[PDB]
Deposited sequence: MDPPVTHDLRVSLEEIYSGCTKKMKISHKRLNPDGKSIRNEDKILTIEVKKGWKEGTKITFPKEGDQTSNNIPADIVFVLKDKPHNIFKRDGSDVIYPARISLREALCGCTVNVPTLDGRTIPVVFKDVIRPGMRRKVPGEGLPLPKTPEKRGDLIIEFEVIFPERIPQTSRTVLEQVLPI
């Protein structure tokens, strides 16, 4: 049993992996756990998602962590979401964003493996960054404008 470590990009487009023990054809959208047998003692491979530095994979969806300031959360925010093929899409938020809020960007996920012309979604997942400290001056004003 041998682990086959595939990046998100390789799941998205599909690829050829030449293994030096042997050629494996990774079909687009294939999910961690997919087994790829060889007659050559039967050497069986198993598909594993390599960690990605932009997205967390969730089936055929990908999650994009958006770290925004509290100021943006409360007052208005544009997230320029990166795509799997390296463009960005501007998504404009005019309402209050809450900690952990998600927003679907439909069709911007990975191809579904059985129907690869169809894609999952890209899911923005908000992390709201609080200030490290508030000066007394600011505290006073926050007390006037925010609900108890």
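Gaps without C-alpha coordinates occur at 1-5, 27-44, 64-73, with positions taken along the deposited sequence from 1.
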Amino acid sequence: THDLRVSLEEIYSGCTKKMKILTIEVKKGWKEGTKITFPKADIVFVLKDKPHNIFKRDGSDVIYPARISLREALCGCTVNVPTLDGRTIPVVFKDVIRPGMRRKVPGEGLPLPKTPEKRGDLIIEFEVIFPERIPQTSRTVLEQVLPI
From here on, numbers count along this sequence of modelled residues.
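Each form is matched to the other, and the largest set of C-alpha atoms that superpose within 1.5 Å is called the rigid core.
Farther from the shown form on average, by C-alpha root mean square after a core fit in 4 other deposited structures of this protein, is 29-37, of the stretches 119-127 and 29-37. Once the rigid core is used to overlay the structures in 4 other deposited structures of this protein, the stretch among 43-51 and 104-112 whose CA atoms lie farther from this form is 43-51.
In this entry, 1-9 shows the higher mean Cα temperature factor of the pair 1-9 and 137-145. Higher average CA B factor: 10-18, of the stretches 121-129 and 10-18.
Listed residues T37, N80, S60, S69 were ranked by CA B-factor as deposited; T37 comes out on top.
Highest CA B-factor among the listed residues (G86, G33, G109, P90): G33. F45 sits in the highest third of its chain by CA B factor, as recorded in the PDB entry. Ranked by Cα temperature factor within the chain, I97 sits in the lowest third according to the deposited record. Ranked against the other modelled residues of its chain, the C-alpha B-factor of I54 as given in the entry falls in the middle third.
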